[PDB]
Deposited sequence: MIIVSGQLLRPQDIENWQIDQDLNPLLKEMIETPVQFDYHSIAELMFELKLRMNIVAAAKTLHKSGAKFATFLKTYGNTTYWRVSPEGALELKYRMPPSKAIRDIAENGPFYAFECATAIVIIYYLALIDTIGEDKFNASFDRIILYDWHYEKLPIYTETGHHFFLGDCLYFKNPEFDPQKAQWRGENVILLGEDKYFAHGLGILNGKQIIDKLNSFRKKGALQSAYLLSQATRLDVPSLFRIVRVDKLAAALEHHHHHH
């Protein structure tokens, strides 16, 4: 359900990018309410969300690897690794150049799946608003777990998902000697289609089966898709940038 100003948007024709149509159909048909001040905001969400999808695929293809925090590394042209495994943007380096380098020199990087999600958000935002506006607003950067600079992010409960969502597979009876498998953050790329950093681009069964193989002795509870979604607050983000 899409509401622009206070008018409900029904099947009302438009000359927009085709690859946006599937998402827009989801957002119109869903019971979930999307409120916008304007069409430009809605258009920003559509493009940002499909750019999140594209960026996840870009990261997947990049050659960047999975590593635990203590094994994390990056291109020292742009990033310093803290002892705890944070990737710190070096003094006065351009944020967009440094973040895009992850895509362009993937082999020089390895990091965690949460870190990968934030990276994907930044890559998508850069693709959406351009290097100049991104650098102006998100001018200091450290990539580390779920740290982000200024981004307005929220997580909500429910079973209705949309392309570009960040979702989570929980593995409740994971093997305690392998806490790395307690669950998996993913980007929703398509119907039953996920980006999962370190695992690849897989469907749900694949992810759940993989998780289920690293459970404790005698474990009976299967891994499963949590009913929640982590999302960028587009009106708030629109405000910062545009």
| item | value |
| --- | --- |
| Gaps in the model (deposited sequence, numbered from 1) | 13-15, 246-260 |
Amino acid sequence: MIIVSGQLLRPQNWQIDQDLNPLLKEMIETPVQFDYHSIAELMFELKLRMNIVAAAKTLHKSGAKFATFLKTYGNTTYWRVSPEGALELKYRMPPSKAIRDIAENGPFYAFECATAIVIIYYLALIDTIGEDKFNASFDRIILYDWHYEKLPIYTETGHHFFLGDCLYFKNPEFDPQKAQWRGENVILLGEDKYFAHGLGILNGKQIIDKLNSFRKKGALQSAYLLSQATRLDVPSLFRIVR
From here on, numbers count along this sequence of modelled residues.
| query | finding |
| --- | --- |
| Higher-B stretch (mean Cα B-factor, as the entry records it), 13-21 or 225-233 | 13-21 |
| Comparing 171-179 with 32-40, the one whose average Cα B-factor in the PDB entry is higher | 171-179 |
| Third of the chain's Cα B-factor distribution that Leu48 belongs to, per the entry | lowest |
| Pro107, C-alpha B-factor rank within chain (lowest, middle or highest third) | highest |
| B-factor third for the C-alpha atom of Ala56 within its chain | lowest |
| Modelled-residue ranking by C-alpha temperature factor, third containing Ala196 | middle |
| Relative C-alpha B-factor of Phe66, binned into the chain's lowest, middle or highest third | middle |
